[PDB]
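The chain below stands alone, shown as structure tokens; this is the form solved without this ligand.
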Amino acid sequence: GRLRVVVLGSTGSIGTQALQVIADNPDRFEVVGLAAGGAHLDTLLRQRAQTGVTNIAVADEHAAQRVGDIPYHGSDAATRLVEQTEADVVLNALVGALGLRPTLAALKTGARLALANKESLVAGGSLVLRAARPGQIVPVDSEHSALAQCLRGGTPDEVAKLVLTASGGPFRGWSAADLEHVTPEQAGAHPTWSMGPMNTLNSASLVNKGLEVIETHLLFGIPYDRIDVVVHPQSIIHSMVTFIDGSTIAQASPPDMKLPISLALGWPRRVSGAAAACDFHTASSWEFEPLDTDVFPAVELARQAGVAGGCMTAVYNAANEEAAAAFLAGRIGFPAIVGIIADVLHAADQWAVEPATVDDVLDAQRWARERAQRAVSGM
């Protein structure tokens, strides 16, 4: 009954929330491994002290002078922790490139993968799916968790549409003209990291929703032309599934990542008291509006990339990272971000092939960066 959990990226937002859910539910979960990059060593050490878990990994080569009591350390150490630790669930909340090999390792162990890391599916794609058995991956993100729950409303042949909700970001309802000269700061990003501005900038450009559409396709096997995005400013409905009979099933809760985190850890079993429910004691409104796809072409571009397949979604994301960096630096305008992604994709016919290995993913990403760098330098 007590699930053994390995928590990768333990020091970030998702990881720390996951450890709180586990601490609150010692009957259901036992932490048996922790991993984080060397920059976060001090937090990781506090976590070892707090949890009593000595099976911990420094996930990269960094903090090298301060490791000597640490069982795993070095570039791919999180992967080794996964390979060597008996577990029922691996929560992969590592950020970016670091997440891919541990994902593949976790799947190979036969454990459930509670997946938070977007790169695994967006860049890894069929590499990750190739390694997974049906139902082995349980998504952690709010939208995908909603979809997984909503799909309980019918059999796979009964699914008509997956409908992802989107907040619409800070520029919801802005015209193309209004968006021409917006600054990084107006997009909610404050160019002093190129780290936290990334997730935030992706929310403004609607690239994050593009990525979520890609993940949806890979997680659930629904064609891109049956994955819709609908703007829902309250973010209370987290996503919905429309069935062939006309019924839609939706999942709703006040925003709180502890809900989807808990469900990913305990799947298929719900965790009592994970998060507050919607309170109908008070009057409220749930609003829906269509996405403006002329103004926000990032989502359709993700569908185009996803339809092409193979390493194309890795190219989409890597071109975005580069173009986003350029906008944050003041080098290009806001609308040029998705323009650059489209131009790189146009040139990326060689990257439709399925990756044989991780190296092919890495090669596609390298190529996309150089290509986006070229596009940026040209304007």
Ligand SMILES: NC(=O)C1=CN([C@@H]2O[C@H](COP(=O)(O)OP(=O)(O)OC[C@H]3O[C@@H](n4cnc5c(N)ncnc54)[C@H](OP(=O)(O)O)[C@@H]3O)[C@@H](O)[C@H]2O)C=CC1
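C-alpha atoms forming the largest set that superposes within 1.5 Å between two forms make up the rigid core. Heads up: residue numbers just count along the shown sequence, starting at 1.
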*Please confirm whether residue 194, modelled here, goes without coordinates in at least one third of the other compared entries that cover both its neighbours.*
yes
*Comparing 327 to 335 with 308 to 316, which has the greater mean CA B-factor as deposited?*
327 to 335
_Mean CA temperature factor from the deposited coordinates, higher in 273 to 281 or in 80 to 88?_
273 to 281
*Pick out which of 176, 218, 114, 105 has the highest C-alpha B-factor in the PDB entry.*
176
*Of the options 34, 352, 342, 63, which has the highest CA B factor as deposited?*
63
*asked:* What third of the chain does residue 300 rank in for C-alpha temperature factor, lowest, middle or highest?
replied: lowest
*State the tercile, meaning the lowest, middle or highest third, of residue 243 with respect to the CA B-factors recorded for its chain.*
middle
*Within this chain, which third does the Cα B-factor at residue 288 fall in: lowest, middle or highest?*
highest
_Ranked against its chain, the third holding the CA B-factor of residue 55_ = lowest
*asked:* Using the temperature factors of the C-alpha atoms in this entry, rank residue 224 within its chain: lowest, middle or highest third.
replied: lowest
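The form solved in complex with this ligand exists for this protein as well; it is not shown, and the discussion that follows is about that form.
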*Just one of 218, 98, 301, 291 has a heavy atom within 4.5 Å of this ligand in the entry with it bound. Which one?*
98
_Under a 4.5 angstroms heavy atom criterion, identify the one residue in 188, 196, 71, 153 near this ligand in the entry with it bound._
196
*asked:* If we define contact as a non-hydrogen atom of the residue within 4.5 angstroms of the partner, is residue 28 a contact of this ligand in the entry with it bound?
replied: no
*Should residue 13 be classed as touching this ligand in the entry with it bound when contacts are defined as heavy atoms within 4.5 Å?*
yes
*Closest heavy atom of residue 118 to this ligand in the entry with it bound, within 4.5 Å or not?*
yes
*asked:* Please tell me whether any heavy atom belonging to residue 90 falls inside 4.5 Å of a heavy atom of this ligand, as the geometry stands in the entry with it bound.
replied: no
*Using heavy atoms and a 4.5 Å cut-off, decide whether 213, 364 and 369 all contact this ligand in the entry with it bound.*
no
*Within 4.5 Å of this ligand in the entry with it bound, counting heavy atoms only, one of 306 to 314, 38 to 46, 336 to 344, 323 to 331 shows up; tell me which.*
38 to 46
*Taking only heavy atoms into account, state which residues of 236 to 260 are within 4.5 Å of this ligand in the entry with it bound, ordered by sequence.*
257
_Listed options 152, 133, 181, 281; Cα moving by 2 angstroms or more between this form and the one not shown (core superposition)_ = 181
_Cα displacement of residue 59 between this form and the one not shown reaching 2 Å, rigid core superposed_ = yes
